[PDB]
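Since the structure comes first, as structure tokens, the remarks are kept for the end.
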Amino acid sequence: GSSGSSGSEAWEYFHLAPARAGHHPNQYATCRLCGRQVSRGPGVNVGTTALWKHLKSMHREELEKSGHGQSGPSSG
Ligand SMILES: [Zn+2]
């Protein structure tokens, strides 16, 4: 849920895989844009969802093209 920062829209370009193993689920994220895994880990939800970084890293054109201008109304 939205406890702290806001902007979990990047998730729309990623999907969490099942645990199907000893390690608890929600360990990695599968990019629905290209299909690359993007882990997060501790201390990640600090505004710019680790995902975003990947989206603007390669999908920079996708973000700009889409109706997504700025992702920080009260952040700099
Ligand atoms: Zn990707």
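Here, residue 1 is simply the first one shown, and the rest follow in order.
The backbone N, Cα and C atoms fix where each Cβ goes, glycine too.
Annotated features in the PDB entry:
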SEQADV    1-7  cloning artifact
SEQADV    71-76  cloning artifact
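As recorded in Swiss-Prot, the features of this protein are as follows:
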BINDING   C31, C34, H54, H59  Zn(2+) binding site
COMPBIAS  58-67  compositional bias 'Basic and acidic residues'
What residues in the same chain, six or more past the boundaries of the compositional bias 'Basic and acidic residues' (58-67), come closer than 8 Å to it by Cβ-Cβ distance? 13, 33-34
Spatial neighbours, same chain, of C31 (Zn(2+) binding site) - Cβ under 8 Å, 6+ residues apart: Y13, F14, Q37, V38, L51, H54
Name them in sequence order: residues not among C31, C34, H54, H59 whose Cβ is within 8 Å of the mean position of the Cβ atoms defining the Zn(2+) site. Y13, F14, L33, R36, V38, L51, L55, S57, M58
Using Cβ-Cβ distances, find the residues under 8 Å from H59 (Zn(2+) binding site) that belong to the same chain and are at least 6 apart in sequence, listing them in sequence order. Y13, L33, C34
CB neighbours of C34 (Zn(2+) binding site) within 10 A? 12
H54 (Zn(2+) binding site): tally of other CB atoms within 10 A of its CB: 19
Using DSSP, how many residues in the cloning artifact (71-76) fall into helix, strand and coil? 0 helix, 0 strand, 6 coil
